[PDB]
Every structure is written in C-alpha cells, then in structure tokens.
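Quick note: the sequence shown uses my numbering, first residue 298, plus one each step.
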Amino acid sequence: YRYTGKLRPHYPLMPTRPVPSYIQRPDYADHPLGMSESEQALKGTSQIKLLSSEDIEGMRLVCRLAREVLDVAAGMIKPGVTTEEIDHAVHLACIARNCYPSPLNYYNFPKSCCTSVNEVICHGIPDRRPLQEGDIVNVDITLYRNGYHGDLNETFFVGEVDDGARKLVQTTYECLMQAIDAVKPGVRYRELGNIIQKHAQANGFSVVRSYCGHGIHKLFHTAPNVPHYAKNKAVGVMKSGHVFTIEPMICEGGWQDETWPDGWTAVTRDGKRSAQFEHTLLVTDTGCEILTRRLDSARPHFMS
Ligand SMILES: Cc1nc(-c2ccccn2)nc(NCCNc2cccc(C(F)(F)F)n2)c1Cl
Ligand SMILES: [Co+2]
Ligand SMILES: [Co+2]
Ligand SMILES: [Co+2]
Ligand SMILES: [K+]
C-alpha cells in the first residue's frame, strides 16, 4: 500500500479492552463480525423515526454522558500522548458512566473511539503513535446507554500549530455551526450541504463526499443520510422530533478519500490535512436542541 502522507499505523495494538458484563450492550457487541441486525433490518429505508418523550429523555442522557467523555479526551491532548492512551481513558470513562463505547466491535472496529490525526479524515484507529507538536487530532465519541446512542466529535490542537491548521479547524467548526443554525422543521436535509460547502469553498477548502451525517437513536447509524457537500440528493424533510448528526469533514487540499489496508482509516488521497466537528441534534418546533453541547463553556476546546 502506498501511504498518502507522513502518518503510518503504529502496531501492535494492546489486546481488546473488555467491557464489564453489567453494562448493557448493543446487538452488534457480541456478533462475530460486529454486524447490527437492527440496523440491517432498516438498511436502505429512508423513513425517519419520530422520537417519543421517553426516547428524547434517553437521547438527552446519553448525549450528555458522551459530551463528558469527549471532555475527558480533550484534557489529554498534549505532545507525547499516544492515541491508544486517549482511547484507554475514553474506554474507562464510558464504563464509569455505565455506558458501552459504541465504536467497540461495531463492524469489528477494534477500539472504543476514533482518533484521526492530520490527513486522516475519520475512523482513525487509536494506536501506539505519540502525538506530535503541530498535529491536529479529532476524537469521535459515541456512547450507548439504555438502548440509545449519542455521538459527537471535536478536532484539537497538539501544542502550537501553524496558521493553516488554525484556519482549517476554525473554518470546519464554522461550517458545523452555520449548518446547525439552519436546522428547523420544514428544511430539507439536502440543504445543509449547500451551506457547508459554500463556507468551506469560500475559505479555500474542500468537502469530503464519502462520509455523511446520520440519523441516530436506538441505532448508531440510520436514516437520514446527511451529506455535507452542495447539490446532494439527500432524502427527507426535517420535522420536530427527528434526531440526527451533522459532522462535516473539510480538507486543506482535494476532497478525495481512500481507506488504509486496516479497512477503517480514511485518509485524504493527497495527504493534506482534514478536520471535523460533530453534534447530535434534536429538531424542535423552534429549531433544534444541541444534545451534545458543552455545558461548562460556550466554545469548543480548540478555542479555549
Ligand atoms: C458514519 C459511519 N461510521 C461508522 C463507524 C464505524 C466504526 C467506528 C466509528 N464509526 N460506521 C458506519 N457504517 C457501519 C456499517 N458499514 C458501512 C456501510 C457503508 C459505509 C461505511 C463507511 F465505511 F463508514 F463508509 N460503513 C458509518 Cl455509516
Ligand atoms: Co463513524
Ligand atoms: Co461520530
Ligand atoms: Co456521527
Ligand atoms: K484529521
């Protein structure tokens, strides 16, 4: 395999981390290939769940706990710390909140969160590589509690970063916030990509096409599929009680992605940097509730 940039996987991984049996598990946790039968049963359907009162409270809880875990990860971002170390802390933090780390064994994904450095777009596998000053790194967290998944991610600076990294990260966050600002009953899902691409393009950046936002609730990924790029053909209209993510991945160079031999790590084909931010959203009568909002600060970690 010809790698697209400087990053390489750093093996072996530590033995898979166990989740105590008292923590409730999603269907795929114990499937040999990590397949989710509940998800497969709805594969290719475009109908969107309207959450019940009980569902909304369940989503509120797991989304709050997921934010807590992302904040744990944020505190560990420094030169020399390996992404494996971040994942261990994350794994323990999920357990401490009586949650299952949703990525663990999801379609055999080996770790409990995704750590995406520099040219990795998404789905980076936590490994023995120490973070380097100048790096940017996304940590993507999803927790499962009482039948519900909650999903967020932020990109972080490792020590001092160059002006381009600052611009990419700032712009990506601005893309996310502009899209969220447009969310309310009656807006088409396909509209969000128009807003996101307009802003990214205005700042000399491109928009990943192969990976999208998604419905989430009792399933990790379900309808709607939410592309982040302009003139896309996403199906559906926002309604009060819909829950979904917006998680735009934006790139310094071209939009094209490819996957490492590990079957997971998505990287820019040109080896230039990519950044991502993600929230889980609940559509309300007036707009939307950001379920994964940071509670003790108005701003994401990179600003702070
Ligand atoms: C957005 C997304 N994320 C993850 C994932 C998987 C492991 C850890 C974190 N995230 N898995 C996903 N899909 C799991 C089912 N298999 C598929 C199907 C189509 C496309 C993909 C892929 F690889 F994400 F593009 N995976 C998706 Cl759609
Ligand atoms: Co994912
Ligand atoms: Co995520
Ligand atoms: Co997501
Ligand atoms: K990245």
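Note that CB positions come from ideal geometry on N, CA and C, so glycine has one too.
Asked	Found
Of the choices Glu336, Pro315 and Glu381, whose alpha-carbon is the least far from that of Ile422?	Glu381
Would you check whether ligand 4 has a heavy atom nearer than 7 Å to the C-beta of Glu382?	no
In the DSSP output, which residue or residues are listed as bridge partners for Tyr441?	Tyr397 and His446
Just jot down, in chain order, the residues whose CB lies closer than 6 Å to any heavy atom of ligand 4.	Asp448, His511, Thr542, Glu544 and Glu575
Report the residue from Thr581, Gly568, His420 and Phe599 whose alpha carbon sits nearest the alpha carbon of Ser349.	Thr581
Under 8 Å between the Cβ atoms of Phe502 and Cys548?	yes
Is the beta carbon of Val466 sitting closer than 8 Å to the one on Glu430?	no
Taking the CB atoms as reference points, tell me whether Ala386 and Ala371 lie closer together than 8 Å.	no
Quick check: the Cα distance between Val484 and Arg394, rounded to an integer number of angstroms?	35 Å
Is the beta carbon of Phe517 less than 8 Å from the beta carbon of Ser409?	no
If you follow the alpha helix (DSSP H) that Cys472 is in, where does it begin and where does it stop?	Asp460 to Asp478
From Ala363 to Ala595, what distance separates their C-alpha atoms?	17 Å
Report the option in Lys303, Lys515, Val414 and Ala563 whose CA atom is closest to the CA atom of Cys509.	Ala563
State the Cα-Cα distance for the pair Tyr445 and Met546, rounded to the nearest angstrom.	24 Å
Check whether the Cβ of residue 602 lies closer than 7 Å to any heavy atom of ligand 3, and answer yes or no.	Absent from the structure is residue 602, since the part of the chain shown begins at 298 and ends at 601.
Using DSSP with H/G/I as helix, E/B as strand and the rest coil, what is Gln344?	coil
May I have the straight-line CA-CA distance separating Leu592 from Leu473, to the nearest angstrom?	18 Å
Classify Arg442 as buried or exposed, calling it buried when 16 or more other Cβ atoms lie within 10 Å of its own Cβ.	buried
With DSSP collapsed to three states, give me the class of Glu586.	strand
Could you give the distance in angstroms between the alpha-carbon of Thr439 and the alpha-carbon of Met373?	18 Å
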